$ cat run10.pdb   # PDB, C-alpha atoms (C1' of nucleotides) and all ligand atoms
MODEL        1
ATOM      1  CA  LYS A 419      69.141  44.446  83.100
ATOM      2  CA  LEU A 420      68.301  46.595  86.141
ATOM      3  CA  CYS A 421      69.315  50.040  87.442
ATOM      4  CA  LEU A 422      71.399  49.433  90.518
ATOM      5  CA  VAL A 423      69.911  52.565  92.118
ATOM      6  CA  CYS A 424      66.139  52.088  91.598
ATOM      7  CA  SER A 425      65.642  48.663  89.865
ATOM      8  CA  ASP A 426      63.887  50.204  86.876
ATOM      9  CA  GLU A 427      65.149  49.087  83.447
ATOM     10  CA  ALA A 428      68.795  50.020  83.059
ATOM     11  CA  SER A 429      69.823  52.229  80.143
ATOM     12  CA  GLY A 430      73.590  51.756  80.233
ATOM     13  CA  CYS A 431      76.792  52.178  82.242
ATOM     14  CA  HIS A 432      76.428  55.790  83.289
ATOM     15  CA  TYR A 433      78.996  57.642  85.405
ATOM     16  CA  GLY A 434      80.392  54.308  86.441
ATOM     17  CA  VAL A 435      77.224  52.405  87.294
ATOM     18  CA  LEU A 436      74.556  50.461  85.483
ATOM     19  CA  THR A 437      71.576  52.832  85.841
ATOM     20  CA  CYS A 438      68.422  53.987  84.115
ATOM     21  CA  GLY A 439      68.078  57.243  82.253
ATOM     22  CA  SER A 440      66.169  58.983  85.016
ATOM     23  CA  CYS A 441      68.792  58.101  87.638
ATOM     24  CA  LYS A 442      71.568  59.126  85.245
ATOM     25  CA  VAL A 443      70.068  62.559  84.730
ATOM     26  CA  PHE A 444      69.188  62.754  88.403
ATOM     27  CA  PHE A 445      72.758  62.177  89.571
ATOM     28  CA  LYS A 446      74.280  64.647  87.119
ATOM     29  CA  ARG A 447      71.769  67.195  88.349
ATOM     30  CA  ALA A 448      72.369  66.506  92.026
ATOM     31  CA  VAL A 449      76.163  66.832  91.894
ATOM     32  CA  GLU A 450      76.260  69.772  89.469
ATOM     33  CA  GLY A 451      74.031  71.905  91.641
ATOM     34  CA  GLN A 452      73.324  73.549  94.968
ATOM     35  CA  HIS A 453      71.105  70.660  96.113
ATOM     36  CA  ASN A 454      70.288  70.525  99.835
ATOM     37  CA  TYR A 455      67.941  67.559 100.062
ATOM     38  CA  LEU A 456      66.300  66.469 103.332
ATOM     39  CA  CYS A 457      65.009  62.987 104.185
ATOM     40  CA  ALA A 458      61.639  62.861 106.016
ATOM     41  CA  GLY A 459      62.430  59.486 107.577
ATOM     42  CA  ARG A 460      65.696  58.013 108.738
ATOM     43  CA  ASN A 461      68.111  58.528 105.823
ATOM     44  CA  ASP A 462      67.205  54.914 104.884
ATOM     45  CA  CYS A 463      64.345  55.176 102.379
ATOM     46  CA  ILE A 464      63.405  52.571  99.816
ATOM     47  CA  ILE A 465      64.406  53.587  96.280
ATOM     48  CA  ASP A 466      62.391  51.803  93.579
ATOM     49  CA  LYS A 467      60.740  53.010  90.409
ATOM     50  CA  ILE A 468      57.935  54.824  92.250
ATOM     51  CA  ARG A 469      59.456  55.714  95.599
ATOM     52  CA  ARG A 470      62.667  57.156  94.087
ATOM     53  CA  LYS A 471      60.789  60.412  93.493
ATOM     54  CA  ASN A 472      59.911  60.597  97.196
ATOM     55  CA  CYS A 473      63.393  61.120  98.715
ATOM     56  CA  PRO A 474      66.094  62.637  96.523
ATOM     57  CA  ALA A 475      68.336  62.670  99.575
ATOM     58  CA  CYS A 476      68.309  58.911  99.881
ATOM     59  CA  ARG A 477      68.340  58.403  96.080
ATOM     60  CA  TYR A 478      71.468  60.562  95.766
ATOM     61  CA  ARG A 479      73.144  58.878  98.747
ATOM     62  CA  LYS A 480      72.393  55.591  97.056
ATOM     63  CA  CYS A 481      73.789  56.886  93.764
ATOM     64  CA  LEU A 482      77.038  57.615  95.574
ATOM     65  CA  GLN A 483      77.343  54.436  97.621
ATOM     66  CA  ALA A 484      76.707  52.683  94.315
ATOM     67  CA  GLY A 485      79.824  54.467  93.050
ATOM     68  CA  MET A 486      78.493  57.011  90.604
ATOM     69  CA  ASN A 487      80.967  59.802  89.895
ATOM     70  CA  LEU A 488      81.217  62.383  87.128
ATOM     71  CA  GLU A 489      84.856  61.436  86.399
ATOM     72  CA  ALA A 490      85.523  58.080  84.705
TER      73      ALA A 490
ATOM     74  CA  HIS B 417      50.195  83.761 118.526
ATOM     75  CA  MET B 418      49.234  82.239 115.162
ATOM     76  CA  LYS B 419      47.109  79.266 114.102
ATOM     77  CA  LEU B 420      48.875  76.026 113.154
ATOM     78  CA  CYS B 421      47.925  73.461 110.500
ATOM     79  CA  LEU B 422      47.083  70.208 112.249
ATOM     80  CA  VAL B 423      48.524  68.194 109.348
ATOM     81  CA  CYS B 424      51.879  69.948 108.811
ATOM     82  CA  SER B 425      52.270  72.801 111.406
ATOM     83  CA  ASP B 426      52.527  75.527 108.780
ATOM     84  CA  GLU B 427      50.386  78.543 109.613
ATOM     85  CA  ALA B 428      46.755  77.607 109.019
ATOM     86  CA  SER B 429      44.407  79.811 107.039
ATOM     87  CA  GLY B 430      41.096  78.445 108.247
ATOM     88  CA  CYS B 431      39.085  75.357 108.958
ATOM     89  CA  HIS B 432      39.003  73.264 105.731
ATOM     90  CA  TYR B 433      37.071  70.017 105.240
ATOM     91  CA  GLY B 434      36.486  69.856 108.972
ATOM     92  CA  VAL B 435      40.019  70.579 110.169
ATOM     93  CA  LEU B 436      42.275  73.566 110.913
ATOM     94  CA  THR B 437      44.781  73.495 108.021
ATOM     95  CA  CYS B 438      47.083  75.589 105.816
ATOM     96  CA  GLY B 439      45.944  76.412 102.274
ATOM     97  CA  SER B 440      48.390  73.858 100.871
ATOM     98  CA  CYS B 441      46.923  70.984 102.831
ATOM     99  CA  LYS B 442      43.382  72.101 101.968
ATOM    100  CA  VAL B 443      43.983  71.649  98.263
ATOM    101  CA  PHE B 444      46.239  68.613  98.753
ATOM    102  CA  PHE B 445      43.433  66.728 100.482
ATOM    103  CA  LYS B 446      40.838  67.676  97.920
ATOM    104  CA  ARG B 447      43.131  66.455  95.132
ATOM    105  CA  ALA B 448      43.893  63.211  96.923
ATOM    106  CA  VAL B 449      40.250  62.360  97.654
ATOM    107  CA  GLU B 450      38.976  63.163  94.162
ATOM    108  CA  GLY B 451      41.838  61.762  92.131
ATOM    109  CA  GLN B 452      43.012  58.162  92.165
ATOM    110  CA  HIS B 453      46.652  58.338  93.211
ATOM    111  CA  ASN B 454      49.150  55.528  93.866
ATOM    112  CA  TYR B 455      50.852  56.851  97.004
ATOM    113  CA  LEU B 456      53.548  54.712  98.585
ATOM    114  CA  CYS B 457      55.729  55.564 101.561
ATOM    115  CA  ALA B 458      59.444  54.957 101.126
ATOM    116  CA  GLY B 459      60.000  54.999 104.872
ATOM    117  CA  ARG B 460      57.945  53.344 107.585
ATOM    118  CA  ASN B 461      54.672  55.239 107.180
ATOM    119  CA  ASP B 462      55.736  57.740 109.855
ATOM    120  CA  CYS B 463      57.546  60.345 107.838
ATOM    121  CA  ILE B 464      57.876  63.850 109.225
ATOM    122  CA  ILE B 465      55.262  66.097 107.641
ATOM    123  CA  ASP B 466      56.247  69.755 108.163
ATOM    124  CA  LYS B 467      56.432  72.726 105.819
ATOM    125  CA  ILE B 468      59.855  71.607 104.596
ATOM    126  CA  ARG B 469      59.167  67.918 104.130
ATOM    127  CA  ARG B 470      55.481  67.627 103.297
ATOM    128  CA  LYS B 471      56.270  67.187  99.582
ATOM    129  CA  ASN B 472      58.436  64.147 100.243
ATOM    130  CA  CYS B 473      55.679  61.660 101.235
ATOM    131  CA  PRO B 474      52.144  62.215  99.956
ATOM    132  CA  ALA B 475      51.161  58.863 101.382
ATOM    133  CA  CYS B 476      51.995  59.934 104.925
ATOM    134  CA  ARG B 477      50.571  63.397 104.375
ATOM    135  CA  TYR B 478      47.254  61.945 103.250
ATOM    136  CA  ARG B 479      47.181  59.516 106.156
ATOM    137  CA  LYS B 480      47.667  62.430 108.554
ATOM    138  CA  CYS B 481      44.887  64.366 106.794
ATOM    139  CA  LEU B 482      42.602  61.439 107.391
ATOM    140  CA  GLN B 483      43.675  60.835 110.941
ATOM    141  CA  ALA B 484      43.006  64.451 111.643
ATOM    142  CA  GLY B 485      39.451  64.042 110.416
ATOM    143  CA  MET B 486      39.424  65.782 107.068
ATOM    144  CA  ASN B 487      36.369  64.799 105.108
ATOM    145  CA  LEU B 488      34.870  66.117 101.946
ATOM    146  CA  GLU B 489      31.394  66.490 103.410
TER     147      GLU B 489
ATOM    148  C1'  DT C   1      29.194  95.200 103.612
ATOM    149  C1'  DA C   2      31.961  91.179 105.447
ATOM    150  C1'  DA C   3      34.217  86.915 107.171
ATOM    151  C1'  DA C   4      34.670  82.059 106.493
ATOM    152  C1'  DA C   5      34.855  78.174 103.589
ATOM    153  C1'  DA C   6      34.529  76.190  99.196
ATOM    154  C1'  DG C   7      35.639  76.226  94.506
ATOM    155  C1'  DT C   8      38.840  77.583  90.559
ATOM    156  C1'  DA C   9      43.050  78.787  87.968
ATOM    157  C1'  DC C  10      47.940  80.306  87.048
ATOM    158  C1'  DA C  11      52.903  79.965  87.890
ATOM    159  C1'  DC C  12      56.425  77.269  89.435
ATOM    160  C1'  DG C  13      59.899  73.353  90.230
ATOM    161  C1'  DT C  14      61.273  68.569  89.794
ATOM    162  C1'  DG C  15      61.504  64.734  87.079
ATOM    163  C1'  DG C  16      61.820  61.695  82.953
TER     164       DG C  16
ATOM    165  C1'  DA D   1      66.103  71.324  74.447
ATOM    166  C1'  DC D   2      60.630  69.831  75.801
ATOM    167  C1'  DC D   3      56.195  68.346  78.315
ATOM    168  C1'  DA D   4      53.772  65.982  82.213
ATOM    169  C1'  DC D   5      52.760  66.206  86.889
ATOM    170  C1'  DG D   6      52.454  67.686  91.804
ATOM    171  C1'  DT D   7      52.308  71.672  94.374
ATOM    172  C1'  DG D   8      51.091  76.257  96.507
ATOM    173  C1'  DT D   9      49.384  80.947  96.101
ATOM    174  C1'  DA D  10      45.907  83.877  94.872
ATOM    175  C1'  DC D  11      41.836  84.790  93.115
ATOM    176  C1'  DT D  12      36.342  84.134  92.715
ATOM    177  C1'  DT D  13      32.136  82.127  94.292
ATOM    178  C1'  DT D  14      29.142  80.532  97.762
ATOM    179  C1'  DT D  15      27.866  80.721 102.256
ATOM    180  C1'  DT D  16      26.641  82.649 106.848
TER     181       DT D  16
HETATM  182 ZN    ZN E 501      67.164  54.139  88.251
HETATM  183 ZN    ZN E 502      64.957  59.279 102.810
HETATM  184 ZN    ZN E 503      49.539  72.033 106.257
HETATM  185 ZN    ZN E 504      56.020  58.254 104.486
ENDMDL
END

$ encode --input "run10.pdb" --output "structure tokens"
Amino acid sequence: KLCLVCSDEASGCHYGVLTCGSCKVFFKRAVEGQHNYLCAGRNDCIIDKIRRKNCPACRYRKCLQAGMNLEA
Amino acid sequence: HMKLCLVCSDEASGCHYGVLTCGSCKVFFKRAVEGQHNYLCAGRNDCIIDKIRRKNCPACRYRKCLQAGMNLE
DNA sequence: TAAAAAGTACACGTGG
DNA sequence: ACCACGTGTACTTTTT
């Protein structure tokens, strides 16, 4: 089973979406915080296990488009 | 009129490893050349490297260091 | 007596 | 919670 945000090994159904632990914690942190992230490319970065660290802007966007939300 | 880092356009501090750079790019290059680091670009290998965004893509930042001529000797 | 460039070390923030 | 890791500033050493 695979995190729909980064393709790492999923941990569970977190905030609506099958995701890994790091993406779960990441999303909670992004929402619940003054987080003004800026993409260095084209707001279309690749989010896999390594690259996910590179662009929190695109990882968060992808969290959202995947449907994550703090309310179930 | 102040000196600009040829890698990231922050204010340079001096000529480091052959190239006019900021302190941050001086030590970033040294670390990249001496350590073995798996840098991948999440974009198209043309990410914007400025003071605000240089942390996002080490792979592109290192490539620009190289292209600019930085060398450890 | 000093500037430039190289080396070293501490604090910090994000991430897992 | 807690530690690893990348980063950037500031300091010291070496160089000229
Ligand atoms: Zn994930
Ligand atoms: Zn991006
Ligand atoms: Zn720079
Ligand atoms: Zn890049």

$ residues_near_ligand --input "run10.pdb" --ligand "ligand ZN 504 (chain E)" --cutoff "10 Å" --atoms "only C-alpha atoms (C1' of nucleotides) and all ligand atoms" --output "PyMOL selection string"
(chain A and resi 458-459+463+469+472-473) or (chain B and resi 455-465+470+472-479)

$ write_last_selection --input "run10.pdb" --atoms "C-alpha atoms" --output "PDB file, in the frame of the given file"
ATOM      1  CA  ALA A 458      61.639  62.861 106.016  1.00  0.00           C
ATOM      2  CA  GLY A 459      62.430  59.486 107.577  1.00  0.00           C
ATOM      3  CA  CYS A 463      64.345  55.176 102.379  1.00  0.00           C
ATOM      4  CA  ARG A 469      59.456  55.714  95.599  1.00  0.00           C
ATOM      5  CA  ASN A 472      59.911  60.597  97.196  1.00  0.00           C
ATOM      6  CA  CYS A 473      63.393  61.120  98.715  1.00  0.00           C
TER       7      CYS A 473
ATOM      8  CA  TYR B 455      50.852  56.851  97.004  1.00  0.00           C
ATOM      9  CA  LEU B 456      53.548  54.712  98.585  1.00  0.00           C
ATOM     10  CA  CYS B 457      55.729  55.564 101.561  1.00  0.00           C
ATOM     11  CA  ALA B 458      59.444  54.957 101.126  1.00  0.00           C
ATOM     12  CA  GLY B 459      60.000  54.999 104.872  1.00  0.00           C
ATOM     13  CA  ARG B 460      57.945  53.344 107.585  1.00  0.00           C
ATOM     14  CA  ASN B 461      54.672  55.239 107.180  1.00  0.00           C
ATOM     15  CA  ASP B 462      55.736  57.740 109.855  1.00  0.00           C
ATOM     16  CA  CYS B 463      57.546  60.345 107.838  1.00  0.00           C
ATOM     17  CA  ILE B 464      57.876  63.850 109.225  1.00  0.00           C
ATOM     18  CA  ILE B 465      55.262  66.097 107.641  1.00  0.00           C
ATOM     19  CA  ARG B 470      55.481  67.627 103.297  1.00  0.00           C
ATOM     20  CA  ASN B 472      58.436  64.147 100.243  1.00  0.00           C
ATOM     21  CA  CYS B 473      55.679  61.660 101.235  1.00  0.00           C
ATOM     22  CA  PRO B 474      52.144  62.215  99.956  1.00  0.00           C
ATOM     23  CA  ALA B 475      51.161  58.863 101.382  1.00  0.00           C
ATOM     24  CA  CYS B 476      51.995  59.934 104.925  1.00  0.00           C
ATOM     25  CA  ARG B 477      50.571  63.397 104.375  1.00  0.00           C
ATOM     26  CA  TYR B 478      47.254  61.945 103.250  1.00  0.00           C
ATOM     27  CA  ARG B 479      47.181  59.516 106.156  1.00  0.00           C
TER      28      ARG B 479
END

$ atom_distance --input "run10.pdb" --atom1 "atom CA of residue 430 of chain A" --atom2 "atom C1' of residue 15 of chain C"
19.0 Å

$ residues_around --input "run10.pdb" --residues "residue 10 of chain C" --least-positions-apart "6" --cutoff "10 Å" --atoms "all atoms listed in the file" --output "PDB file with C-alpha atoms (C1' of nucleotides), in the coordinates of the input"
ATOM      1  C1'  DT D   9      49.384  80.947  96.101  1.00  0.00           C
ATOM      2  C1'  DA D  10      45.907  83.877  94.872  1.00  0.00           C
ATOM      3  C1'  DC D  11      41.836  84.790  93.115  1.00  0.00           C
TER       4       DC D  11
END

$ resolve_selection --input "run10.pdb" --expression "the PyMOL selection byres (((chain C and resi 6) around 10) and not hetatm)" --output "NGL selection string"
(:B and (432-433)) or (:C and (4-5 or 7-8)) or (:D and (13-15))

$ closest_atom_pairs --input "run10.pdb" --of "chain A" --to "chain C" --cutoff "9 Å" --atoms "only C-alpha atoms (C1' of nucleotides)" --output "CSV"
residue,atom,partner,partner_atom,distance
A:439,CA,C:16,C1',7.7
A:440,CA,C:16,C1',5.5
A:443,CA,C:16,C1',8.5
A:444,CA,C:15,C1',8.0
A:471,CA,C:15,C1',7.8

$ resolve_selection --input "run10.pdb" --expression "the PyMOL selection byres (((chain D and resi 3-8) around 8) and not hetatm)" --output "list in words"
residues 439, 440 and 471 of chain B; 2 and 9 of chain D

$ resolve_selection --input "run10.pdb" --expression "the PyMOL selection byres ((chain B) within 12 of (chain C))" --output "PyMOL selection string"
chain B and resi 429-437+439+442-443+446+471-472+488-489

$ axis_aligned_box --input "run10.pdb" --around "segment 1-5 of chain D" --padding-each-side "3 Å" --output "lines of an AutoDock Vina configuration file"
center_x = 59.4
center_y = 68.7
center_z = 80.7
size_x = 19.3
size_y = 11.3
size_z = 18.4

$ residues_near_ligand --input "run10.pdb" --ligand "ligand ZN 503 (chain E)" --cutoff "7 Å" --atoms "all atoms listed in the file" --output "list in words"
residues 421, 422, 423, 424, 425, 426, 428, 437, 438, 439, 440, 441 and 467 of chain B

$ closest_residue --input "run10.pdb" --among "A:438, A:475, A:465, A:431" --to "ligand ZN 501 (chain E)" --atoms "all atoms listed in the file"
A:438

$ atom_distance --input "run10.pdb" --atom1 "atom CA of residue 470 of chain A" --atom2 "atom CA of residue 432 of chain A"
17.5 Å

$ residues_near_ligand --input "run10.pdb" --ligand "ligand ZN 501 (chain E)" --cutoff "8 Å" --atoms "only C-alpha atoms (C1' of nucleotides) and all ligand atoms" --output "VMD selection string"
chain A and resid 420 to 428 437 to 442 466 to 467 470

$ write_last_selection --input "run10.pdb" --atoms "C-alpha atoms" --output "mmCIF file, in the coordinates of the input"
data_model
loop_
_atom_site.group_PDB
_atom_site.id
_atom_site.type_symbol
_atom_site.label_atom_id
_atom_site.label_comp_id
_atom_site.auth_asym_id
_atom_site.auth_seq_id
_atom_site.Cartn_x
_atom_site.Cartn_y
_atom_site.Cartn_z
ATOM 1 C CA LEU A 420 68.301 46.595 86.141
ATOM 2 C CA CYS A 421 69.315 50.040 87.442
ATOM 3 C CA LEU A 422 71.399 49.433 90.518
ATOM 4 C CA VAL A 423 69.911 52.565 92.118
ATOM 5 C CA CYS A 424 66.139 52.088 91.598
ATOM 6 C CA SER A 425 65.642 48.663 89.865
ATOM 7 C CA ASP A 426 63.887 50.204 86.876
ATOM 8 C CA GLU A 427 65.149 49.087 83.447
ATOM 9 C CA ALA A 428 68.795 50.020 83.059
ATOM 10 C CA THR A 437 71.576 52.832 85.841
ATOM 11 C CA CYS A 438 68.422 53.987 84.115
ATOM 12 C CA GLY A 439 68.078 57.243 82.253
ATOM 13 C CA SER A 440 66.169 58.983 85.016
ATOM 14 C CA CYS A 441 68.792 58.101 87.638
ATOM 15 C CA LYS A 442 71.568 59.126 85.245
ATOM 16 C CA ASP A 466 62.391 51.803 93.579
ATOM 17 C CA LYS A 467 60.740 53.010 90.409
ATOM 18 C CA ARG A 470 62.667 57.156 94.087
#

$ closest_residue --input "run10.pdb" --among "B:444, B:466, B:487, B:419" --to "chain D" --atoms "only C-alpha atoms (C1' of nucleotides)"
B:444

$ atom_distance --input "run10.pdb" --atom1 "atom CA of residue 490 of chain A" --atom2 "atom CA of residue 434 of chain A"
6.6 Å

$ decode --input "run10.pdb" --residues "segment 442-462 of chain A" --atoms "N, CA and C atoms" --output "PDB file, in the first residue's frame"
ATOM      1  N   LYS A 442       1.434  12.689   6.612  1.00  0.00           N
ATOM      2  CA  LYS A 442       0.383  12.975   7.582  1.00  0.00           C
ATOM      3  C   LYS A 442       0.804  14.143   8.457  1.00  0.00           C
ATOM      4  N   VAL A 443       1.976  14.011   9.071  1.00  0.00           N
ATOM      5  CA  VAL A 443       2.484  15.052   9.944  1.00  0.00           C
ATOM      6  C   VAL A 443       2.721  16.316   9.155  1.00  0.00           C
ATOM      7  N   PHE A 444       3.146  16.178   7.903  1.00  0.00           N
ATOM      8  CA  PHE A 444       3.459  17.347   7.101  1.00  0.00           C
ATOM      9  C   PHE A 444       2.201  18.181   6.896  1.00  0.00           C
ATOM     10  N   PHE A 445       1.124  17.513   6.475  1.00  0.00           N
ATOM     11  CA  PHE A 445      -0.133  18.194   6.190  1.00  0.00           C
ATOM     12  C   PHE A 445      -0.671  18.895   7.425  1.00  0.00           C
ATOM     13  N   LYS A 446      -0.765  18.180   8.541  1.00  0.00           N
ATOM     14  CA  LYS A 446      -1.219  18.803   9.778  1.00  0.00           C
ATOM     15  C   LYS A 446      -0.418  20.062  10.049  1.00  0.00           C
ATOM     16  N   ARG A 447       0.898  19.973   9.891  1.00  0.00           N
ATOM     17  CA  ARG A 447       1.746  21.127  10.129  1.00  0.00           C
ATOM     18  C   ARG A 447       1.475  22.237   9.133  1.00  0.00           C
ATOM     19  N   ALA A 448       1.295  21.911   7.863  1.00  0.00           N
ATOM     20  CA  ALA A 448       1.102  22.979   6.888  1.00  0.00           C
ATOM     21  C   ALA A 448      -0.170  23.766   7.190  1.00  0.00           C
ATOM     22  N   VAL A 449      -1.300  23.067   7.321  1.00  0.00           N
ATOM     23  CA  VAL A 449      -2.567  23.746   7.572  1.00  0.00           C
ATOM     24  C   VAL A 449      -2.453  24.598   8.830  1.00  0.00           C
ATOM     25  N   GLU A 450      -2.147  23.939   9.945  1.00  0.00           N
ATOM     26  CA  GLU A 450      -2.165  24.507  11.286  1.00  0.00           C
ATOM     27  C   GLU A 450      -0.998  25.456  11.518  1.00  0.00           C
ATOM     28  N   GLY A 451      -0.724  26.335  10.563  1.00  0.00           N
ATOM     29  CA  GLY A 451       0.464  27.143  10.673  1.00  0.00           C
ATOM     30  C   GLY A 451       0.606  28.161   9.572  1.00  0.00           C
ATOM     31  N   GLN A 452       1.149  29.319   9.949  1.00  0.00           N
ATOM     32  CA  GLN A 452       1.530  30.362   9.008  1.00  0.00           C
ATOM     33  C   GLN A 452       2.636  29.798   8.132  1.00  0.00           C
ATOM     34  N   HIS A 453       2.254  29.173   7.014  1.00  0.00           N
ATOM     35  CA  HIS A 453       3.197  28.509   6.114  1.00  0.00           C
ATOM     36  C   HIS A 453       3.060  29.050   4.700  1.00  0.00           C
ATOM     37  N   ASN A 454       4.010  29.910   4.325  1.00  0.00           N
ATOM     38  CA  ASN A 454       4.049  30.592   3.037  1.00  0.00           C
ATOM     39  C   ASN A 454       5.190  29.978   2.217  1.00  0.00           C
ATOM     40  N   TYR A 455       4.863  28.887   1.550  1.00  0.00           N
ATOM     41  CA  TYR A 455       5.809  28.088   0.801  1.00  0.00           C
ATOM     42  C   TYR A 455       5.857  28.573  -0.638  1.00  0.00           C
ATOM     43  N   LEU A 456       7.046  28.507  -1.241  1.00  0.00           N
ATOM     44  CA  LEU A 456       7.284  29.028  -2.591  1.00  0.00           C
ATOM     45  C   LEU A 456       7.983  27.982  -3.448  1.00  0.00           C
ATOM     46  N   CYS A 457       7.348  27.618  -4.568  1.00  0.00           N
ATOM     47  CA  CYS A 457       7.923  26.685  -5.527  1.00  0.00           C
ATOM     48  C   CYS A 457       8.999  27.388  -6.343  1.00  0.00           C
ATOM     49  N   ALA A 458      10.168  26.720  -6.522  1.00  0.00           N
ATOM     50  CA  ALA A 458      11.247  27.196  -7.375  1.00  0.00           C
ATOM     51  C   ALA A 458      11.094  26.830  -8.836  1.00  0.00           C
ATOM     52  N   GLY A 459      10.080  26.057  -9.202  1.00  0.00           N
ATOM     53  CA  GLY A 459       9.875  25.703 -10.592  1.00  0.00           C
ATOM     54  C   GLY A 459       8.621  26.290 -11.168  1.00  0.00           C
ATOM     55  N   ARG A 460       7.599  25.452 -11.297  1.00  0.00           N
ATOM     56  CA  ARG A 460       6.416  25.810 -12.078  1.00  0.00           C
ATOM     57  C   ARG A 460       5.141  25.371 -11.362  1.00  0.00           C
ATOM     58  N   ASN A 461       5.200  25.275 -10.034  1.00  0.00           N
ATOM     59  CA  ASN A 461       4.081  24.773  -9.239  1.00  0.00           C
ATOM     60  C   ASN A 461       3.615  23.412  -9.752  1.00  0.00           C
ATOM     61  N   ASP A 462       4.548  22.616 -10.279  1.00  0.00           N
ATOM     62  CA  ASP A 462       4.281  21.274 -10.814  1.00  0.00           C
ATOM     63  C   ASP A 462       5.408  20.281 -10.497  1.00  0.00           C
TER      64      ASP A 462
END
